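Student: Just data_31.cif, nothing more (mmCIF, C-alpha atoms and all ligand atoms):
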```cif
data_data
loop_
_atom_site.label_atom_id
_atom_site.label_comp_id
_atom_site.auth_asym_id
_atom_site.auth_seq_id
_atom_site.Cartn_x
_atom_site.Cartn_y
_atom_site.Cartn_z
CA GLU A 16 13.90 -14.65 -10.93
CA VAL A 17 13.00 -10.96 -11.18
CA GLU A 18 10.77 -9.24 -13.73
CA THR A 19 11.16 -5.53 -14.48
CA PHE A 20 8.26 -3.38 -15.71
CA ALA A 21 7.97 0.19 -16.91
CA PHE A 22 5.54 2.55 -15.24
CA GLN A 23 2.85 3.91 -17.53
CA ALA A 24 4.02 7.24 -18.95
CA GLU A 25 1.66 9.46 -16.94
CA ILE A 26 2.46 7.60 -13.72
CA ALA A 27 6.17 8.03 -14.44
CA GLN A 28 5.57 11.78 -14.88
CA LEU A 29 3.65 11.95 -11.59
CA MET A 30 6.38 10.07 -9.73
CA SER A 31 9.05 12.39 -11.16
CA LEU A 32 7.10 15.40 -9.91
CA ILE A 33 6.62 13.80 -6.48
CA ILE A 34 10.34 13.03 -6.16
CA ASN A 35 11.43 16.56 -7.06
CA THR A 36 8.73 18.63 -5.32
CA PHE A 37 9.12 20.70 -2.16
CA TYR A 38 5.41 20.14 -1.38
CA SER A 39 5.11 20.86 2.34
CA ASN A 40 2.24 18.62 3.49
CA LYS A 41 4.09 15.33 3.15
CA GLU A 42 2.38 13.66 6.12
CA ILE A 43 -0.67 12.68 4.07
CA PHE A 44 1.20 9.67 2.64
CA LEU A 45 0.16 7.71 5.72
CA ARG A 46 -3.55 8.48 5.27
CA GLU A 47 -3.39 7.18 1.69
CA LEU A 48 -1.75 3.88 2.67
CA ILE A 49 -3.97 3.29 5.73
CA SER A 50 -7.03 3.98 3.57
CA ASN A 51 -6.03 1.27 1.10
CA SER A 52 -5.35 -1.11 4.00
CA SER A 53 -8.85 -0.41 5.29
CA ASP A 54 -10.37 -1.07 1.86
CA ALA A 55 -8.41 -4.35 1.64
CA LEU A 56 -9.67 -5.32 5.10
CA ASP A 57 -13.27 -4.50 4.14
CA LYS A 58 -12.83 -6.70 1.07
CA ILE A 59 -11.73 -9.86 2.89
CA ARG A 60 -14.42 -9.16 5.52
CA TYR A 61 -17.35 -8.77 3.11
CA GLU A 62 -16.02 -11.73 1.12
CA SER A 63 -15.95 -13.85 4.30
CA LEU A 64 -19.71 -13.35 4.74
CA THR A 65 -20.49 -15.76 1.89
CA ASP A 66 -17.26 -17.82 2.14
CA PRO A 67 -16.13 -18.16 5.77
CA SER A 68 -13.11 -20.26 4.72
CA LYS A 69 -11.35 -17.18 3.33
CA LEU A 70 -10.26 -16.31 6.89
CA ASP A 71 -8.36 -19.59 7.39
CA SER A 72 -5.23 -17.55 6.61
CA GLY A 73 -5.81 -15.31 9.64
CA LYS A 74 -8.82 -14.21 11.67
CA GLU A 75 -7.62 -10.83 12.93
CA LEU A 76 -8.35 -7.76 10.80
CA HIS A 77 -5.96 -4.97 11.76
CA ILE A 78 -3.20 -2.53 10.78
CA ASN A 79 0.24 -2.33 12.41
CA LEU A 80 2.68 0.59 12.14
CA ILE A 81 6.30 -0.43 12.70
CA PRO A 82 9.06 2.21 12.69
CA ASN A 83 12.66 1.02 12.65
CA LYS A 84 15.22 3.76 13.26
CA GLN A 85 18.21 1.47 12.69
CA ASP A 86 17.03 0.54 9.17
CA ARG A 87 15.33 3.93 8.61
CA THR A 88 12.12 2.18 7.55
CA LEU A 89 8.45 2.69 8.34
CA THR A 90 6.48 -0.50 7.73
CA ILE A 91 2.68 -0.63 7.43
CA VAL A 92 1.23 -4.15 7.79
CA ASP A 93 -2.39 -5.11 7.27
CA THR A 94 -4.21 -8.44 7.24
CA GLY A 95 -6.49 -7.49 4.37
CA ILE A 96 -7.30 -9.48 1.25
CA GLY A 97 -3.83 -8.93 -0.23
CA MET A 98 -2.86 -8.62 -3.88
CA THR A 99 -2.35 -11.07 -6.71
CA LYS A 100 0.55 -10.74 -9.13
CA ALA A 101 -1.84 -9.23 -11.67
CA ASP A 102 -3.09 -6.73 -9.05
CA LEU A 103 0.49 -5.60 -8.47
CA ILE A 104 1.37 -5.12 -12.12
CA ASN A 105 -1.97 -3.67 -13.22
CA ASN A 106 -2.71 -1.44 -10.31
CA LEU A 107 0.70 -0.39 -9.11
CA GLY A 108 2.10 0.82 -12.35
CA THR A 109 1.23 -0.24 -15.76
CA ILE A 110 -2.41 0.66 -16.06
CA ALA A 111 -4.26 3.88 -15.50
CA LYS A 112 -7.76 3.24 -16.69
CA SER A 113 -10.44 5.89 -16.27
CA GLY A 114 -13.21 4.95 -13.86
CA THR A 115 -15.77 5.83 -16.54
CA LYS A 116 -14.32 3.52 -19.21
CA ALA A 117 -13.94 0.70 -16.67
CA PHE A 118 -17.58 1.22 -15.66
CA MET A 119 -18.79 0.92 -19.26
CA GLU A 120 -16.73 -2.25 -19.75
CA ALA A 121 -18.11 -3.78 -16.54
CA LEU A 122 -21.70 -3.04 -17.58
CA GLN A 123 -21.14 -4.72 -20.94
CA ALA A 124 -19.45 -7.76 -19.35
CA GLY A 125 -22.00 -8.08 -16.55
CA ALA A 126 -19.15 -7.75 -14.04
CA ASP A 127 -19.31 -5.91 -10.76
CA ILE A 128 -18.09 -2.32 -10.63
CA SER A 129 -16.29 -2.41 -7.28
CA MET A 130 -12.81 -2.09 -8.83
CA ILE A 131 -13.39 0.58 -11.51
CA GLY A 132 -11.19 2.90 -9.46
CA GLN A 133 -8.33 0.38 -9.14
CA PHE A 134 -6.54 1.33 -5.91
CA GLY A 135 -6.50 5.05 -6.77
CA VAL A 136 -3.36 7.12 -7.24
CA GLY A 137 -2.98 8.73 -3.82
CA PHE A 138 -0.48 6.12 -2.61
CA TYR A 139 2.23 7.49 -4.91
CA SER A 140 2.50 10.20 -2.23
CA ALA A 141 4.72 7.69 -0.38
CA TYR A 142 7.61 9.01 -2.52
CA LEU A 143 7.30 12.37 -0.76
CA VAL A 144 8.96 10.67 2.20
CA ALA A 145 10.51 7.44 0.83
CA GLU A 146 13.38 6.91 -1.58
CA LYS A 147 12.39 3.25 -2.08
CA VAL A 148 9.15 1.35 -1.51
CA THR A 149 8.92 -2.44 -1.07
CA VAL A 150 5.53 -4.18 -0.98
CA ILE A 151 5.20 -7.78 0.28
CA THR A 152 1.76 -9.21 -0.33
CA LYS A 153 -0.10 -12.51 0.02
CA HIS A 154 -3.55 -13.23 -1.45
CA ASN A 155 -5.51 -16.42 -0.71
CA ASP A 156 -4.87 -19.17 -3.28
CA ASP A 157 -1.89 -17.22 -4.68
CA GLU A 158 1.80 -16.99 -3.86
CA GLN A 159 3.61 -14.36 -1.81
CA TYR A 160 5.02 -11.58 -4.02
CA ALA A 161 7.48 -8.71 -3.57
CA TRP A 162 7.04 -5.47 -5.54
CA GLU A 163 9.78 -2.84 -5.38
CA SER A 164 10.67 0.52 -6.89
CA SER A 165 13.01 3.46 -6.35
CA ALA A 166 10.97 5.59 -8.82
CA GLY A 167 13.38 5.60 -11.73
CA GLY A 168 10.69 4.78 -14.27
CA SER A 169 10.54 1.05 -13.46
CA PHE A 170 9.56 -1.44 -10.78
CA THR A 171 10.24 -5.11 -10.13
CA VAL A 172 8.07 -8.07 -9.18
CA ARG A 173 9.37 -11.39 -7.86
CA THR A 174 8.02 -14.35 -5.95
CA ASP A 175 8.96 -13.72 -2.33
CA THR A 176 10.92 -16.45 -0.54
CA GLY A 177 11.19 -14.41 2.67
CA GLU A 178 9.18 -14.98 5.82
CA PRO A 179 5.61 -16.10 4.98
CA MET A 180 2.87 -13.57 5.74
CA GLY A 181 -0.36 -15.55 5.95
CA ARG A 182 -2.55 -12.98 4.20
CA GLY A 183 -2.44 -9.25 3.55
CA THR A 184 -0.03 -6.53 2.53
CA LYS A 185 3.15 -5.07 4.05
CA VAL A 186 4.43 -1.71 2.75
CA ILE A 187 8.06 -0.98 3.66
CA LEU A 188 9.01 2.69 3.24
CA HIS A 189 12.76 3.28 3.07
CA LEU A 190 12.68 6.88 4.23
CA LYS A 191 14.72 9.74 2.83
CA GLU A 192 17.41 11.01 5.18
CA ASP A 193 15.55 14.29 5.81
CA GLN A 194 12.19 12.60 6.50
CA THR A 195 13.05 10.55 9.60
CA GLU A 196 10.44 12.40 11.68
CA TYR A 197 8.04 9.70 10.45
CA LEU A 198 9.92 7.21 12.62
CA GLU A 199 9.15 9.23 15.78
CA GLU A 200 6.32 7.88 17.93
CA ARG A 201 5.00 11.37 18.73
CA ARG A 202 4.85 12.28 15.04
CA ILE A 203 3.16 9.05 13.94
CA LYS A 204 0.52 9.36 16.69
CA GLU A 205 -0.16 12.94 15.63
CA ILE A 206 -0.75 12.15 11.98
CA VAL A 207 -2.91 9.07 12.70
CA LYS A 208 -5.08 11.22 14.95
CA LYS A 209 -5.36 14.02 12.38
CA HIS A 210 -6.07 11.98 9.26
CA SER A 211 -6.90 8.34 10.12
CA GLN A 212 -8.67 8.49 13.50
CA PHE A 213 -11.97 7.07 12.21
CA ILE A 214 -10.69 4.04 10.31
CA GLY A 215 -12.83 1.07 11.33
CA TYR A 216 -9.94 -1.28 12.18
CA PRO A 217 -7.35 -1.25 14.97
CA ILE A 218 -4.23 0.76 14.13
CA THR A 219 -1.43 -0.33 16.47
CA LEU A 220 1.87 1.50 16.74
CA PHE A 221 4.81 -0.68 17.73
CA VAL A 222 7.22 0.93 20.19
CA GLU A 223 10.94 0.46 19.67
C1 LIG A 301 -1.84 0.03 -2.89
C2 LIG A 301 -1.24 0.19 -1.47
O1 LIG A 301 -1.72 1.46 -1.33
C3 LIG A 301 0.14 -0.18 -1.94
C4 LIG A 301 0.88 1.03 -2.55
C5 LIG A 301 2.40 0.88 -2.37
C6 LIG A 301 3.04 1.93 -3.30
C7 LIG A 301 3.40 3.17 -2.80
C8 LIG A 301 3.95 4.12 -3.67
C9 LIG A 301 4.10 3.82 -5.02
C10 LIG A 301 3.73 2.58 -5.51
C11 LIG A 301 3.19 1.62 -4.65
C12 LIG A 301 -1.98 -0.93 -0.74
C13 LIG A 301 -2.63 -2.06 -1.22
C14 LIG A 301 -3.20 -2.96 -0.27
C15 LIG A 301 -3.96 -4.20 -0.75
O2 LIG A 301 -3.63 -5.32 -0.53
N1 LIG A 301 -5.15 -3.94 -1.49
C16 LIG A 301 -5.73 -2.77 -1.77
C17 LIG A 301 -7.27 -2.83 -1.98
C18 LIG A 301 -8.51 -2.04 -2.09
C19 LIG A 301 -9.66 -2.56 -2.31
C20 LIG A 301 -9.87 -3.81 -2.47
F1 LIG A 301 -11.16 -4.19 -2.69
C21 LIG A 301 -8.96 -4.88 -2.44
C22 LIG A 301 -7.42 -4.37 -2.16
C23 LIG A 301 -5.98 -4.86 -1.98
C24 LIG A 301 -3.08 -2.76 1.09
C25 LIG A 301 -2.41 -1.64 1.55
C26 LIG A 301 -1.86 -0.74 0.62
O3 LIG A 301 -1.18 0.36 1.08
#
```
Would you mind writing the file's structure down as C-alpha cells?
Ligand SMILES: C[C@](O)(CCCc1ccccc1)c1cc(C(=O)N2Cc3ccc(F)cc3C2)ccc1O

Tutor:
Amino acid sequence: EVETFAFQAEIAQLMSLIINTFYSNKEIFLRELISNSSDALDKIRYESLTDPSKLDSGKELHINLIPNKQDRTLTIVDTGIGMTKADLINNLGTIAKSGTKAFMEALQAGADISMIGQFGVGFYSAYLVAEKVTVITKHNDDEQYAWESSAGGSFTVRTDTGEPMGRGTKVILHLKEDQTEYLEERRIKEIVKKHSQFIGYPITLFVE
C-alpha cells in the first residue's frame, strides 16, 4: 500500500525552481546529503551514551558512496539514527516550520530544542542532479520505509519490503542524463575533498 502526499506550497515552488534552473554549482548536493548523514550519525552516537542498546542494530558509524553506471544511480548510505514515518512526512515535505516558532513551542512544552531546524532545506539541491530520489530508511523500534519523489508536487511513502537495512538511511539518486559525471570516481573524490573533507565519520567510495 502506497500513500501519496503533497509538498507544502513553498517547498513545491523551491523544487520547481531547482528542476528548471541552470545553476552552475550543482556539486554541492553531495555536501548537503553527507552533512545530514553526519548529523544522523551524531544522533545515534550521543543517544548511545545513555542507552548502549541502541547500537544493537549495527555498531559501525559510517557513510558509503556507491555509484552505479548501469543503473545511472548514486547511492549514499549511512548507519545513522534513521527516520521514522513521521520524520519522513514532516521533514521531507509537508512541513516548513520556522526555527523561531519551533523554539518558542519547545520552551513552552519543556521539550528539547535540538530539532527546531528539522533537517534543513539544503538537501532539495539533489534535484539539481537527480530526476528522481528514493530514500530507504530504518529507525530503531520502527519499520523500514521507502520515500520517493520525481518532484511533480507530490511524494510517496510506503513500508519497504525490500532488503532489510539494520539502521540508517540510504539515498538513491536517479541521475539526469546530463549529470552522469557524479558517477565518475575522480569527480566524486574531488567534491568530497572540496566540501566534505572534515566530516567526522569515514566516507568510503565503492569502486565499480
Ligand atoms: C534528509 C536527508 O538529507 C534525506 C533527503 C533526501 C531528499 C533529497 C531531495 C529532496 C527530498 C528528500 C537525510 C536524512 C538522514 C537521516 O536519517 N536523518 C537526518 C538527521 C539529522 C539530525 C538528527 F538529529 C537526526 C536525523 C535523521 C540521513 C541522510 C540524509 O541525506

Student: Counting only C-alpha atoms and all ligand atoms, which protein, DNA or RNA residues come within 6 Å of ligand LIG 301 (chain A), given as a short mmCIF file (atom, residue, chain, number, x, y, z; two decimals) with C-alpha atoms, in the frame of the given file?

Tutor:
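Once written, selection-v2.cif looks like this:
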```cif
data_model
loop_
_atom_site.label_atom_id
_atom_site.label_comp_id
_atom_site.auth_asym_id
_atom_site.auth_seq_id
_atom_site.Cartn_x
_atom_site.Cartn_y
_atom_site.Cartn_z
CA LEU A 48 -1.75 3.88 2.67
CA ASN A 51 -6.03 1.27 1.10
CA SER A 52 -5.35 -1.11 4.00
CA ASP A 54 -10.37 -1.07 1.86
CA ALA A 55 -8.41 -4.35 1.64
CA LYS A 58 -12.83 -6.70 1.07
CA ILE A 96 -7.30 -9.48 1.25
CA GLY A 97 -3.83 -8.93 -0.23
CA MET A 98 -2.86 -8.62 -3.88
CA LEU A 107 0.70 -0.39 -9.11
CA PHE A 134 -6.54 1.33 -5.91
CA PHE A 138 -0.48 6.12 -2.61
CA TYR A 139 2.23 7.49 -4.91
CA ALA A 141 4.72 7.69 -0.38
CA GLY A 183 -2.44 -9.25 3.55
CA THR A 184 -0.03 -6.53 2.53
#
```

Student: Which of these, A:148, A:143, A:172, A:166, has the shortest distance to residue A:88 once you count only C-alpha atoms?

Tutor: A:148

Student: Report the distance between atom CA of residue A:196 and atom CA of residue A:44 in Å, rounded to one decimal place.

Tutor: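 Going from atom CA of residue A:196 over to atom CA of residue A:44 covers 13.2 Å.
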
Student: Between A:145, A:130, A:220, A:34, single out the one closest to residue A:193, counting only C-alpha atoms.

Tutor: A:145

Student: Can you work out which one of A:80, A:95, A:214, A:168 has the shortest atom-to-atom distance to residue A:155, counting all atoms listed in the file?

Tutor: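 Smallest distance to residue A:155 is found for A:95.
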
Student: Smallest atom-to-atom distance to residue A:76: which of A:186, A:24, A:121, A:218, using all atoms listed in the file?

Tutor: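 Ranked by minimum distance to residue A:76, first place goes to A:218.
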
Student: Provide the atom CA of residue A:47 to atom CA of residue A:161 distance in Å, to one decimal place.

Tutor: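 Result for atom CA of residue A:47 versus atom CA of residue A:161: 20.0 Å, one decimal.
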
Student: For atom CA of residue A:21 and atom CA of residue A:163, determine how far apart the two atoms are, in Å to one decimal place.

Tutor: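 Answer for the atom CA of residue A:21 to atom CA of residue A:163 separation: 12.1 Å.
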
Student: Applying 9 Å and all atoms listed in the file, which residues near residue A:104 remain after dropping the ones on its own chain fewer than 4 positions away? List them as a ChimeraX atom specification.

Tutor: /A:20,99-100,108-110,162,172

Student: With a distance cut-off of 10 Å and only C-alpha atoms, select the neighbouring residues of residue A:128, excluding the residue or stretch itself and same-chain residues fewer than 5 positions from it, and output the selection as a CSV table (one decimal) with C-alpha atoms, in the coordinates of the input.

Tutor:
```csv
chain,number,residue,atom,x,y,z
A,114,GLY,CA,-13.2,5.0,-13.9
A,117,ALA,CA,-13.9,0.7,-16.7
A,118,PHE,CA,-17.6,1.2,-15.7
A,119,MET,CA,-18.8,0.9,-19.3
A,120,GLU,CA,-16.7,-2.2,-19.8
A,121,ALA,CA,-18.1,-3.8,-16.5
A,122,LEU,CA,-21.7,-3.0,-17.6
```

Student: For the point (-5.7, 0.6, -10.6) in file coordinates, what residues are within 7 Å, counting only C-alpha atoms? Give the answer as a list in words?

Tutor: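 Final list of nearby residues, as requested, is residues 105, 106, 107, 110, 111, 112, 132, 133, 134 and 135 of chain A.
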
Student: Let's have the selection written as an mmCIF file, in the frame of the given file, with C-alpha atoms.

Tutor:
```cif
data_model
loop_
_atom_site.group_PDB
_atom_site.id
_atom_site.type_symbol
_atom_site.label_atom_id
_atom_site.label_comp_id
_atom_site.auth_asym_id
_atom_site.auth_seq_id
_atom_site.Cartn_x
_atom_site.Cartn_y
_atom_site.Cartn_z
ATOM 1 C CA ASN A 105 -1.970 -3.670 -13.220
ATOM 2 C CA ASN A 106 -2.710 -1.440 -10.310
ATOM 3 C CA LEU A 107 0.700 -0.390 -9.110
ATOM 4 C CA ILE A 110 -2.410 0.660 -16.060
ATOM 5 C CA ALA A 111 -4.260 3.880 -15.500
ATOM 6 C CA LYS A 112 -7.760 3.240 -16.690
ATOM 7 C CA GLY A 132 -11.190 2.900 -9.460
ATOM 8 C CA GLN A 133 -8.330 0.380 -9.140
ATOM 9 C CA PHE A 134 -6.540 1.330 -5.910
ATOM 10 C CA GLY A 135 -6.500 5.050 -6.770
#
```
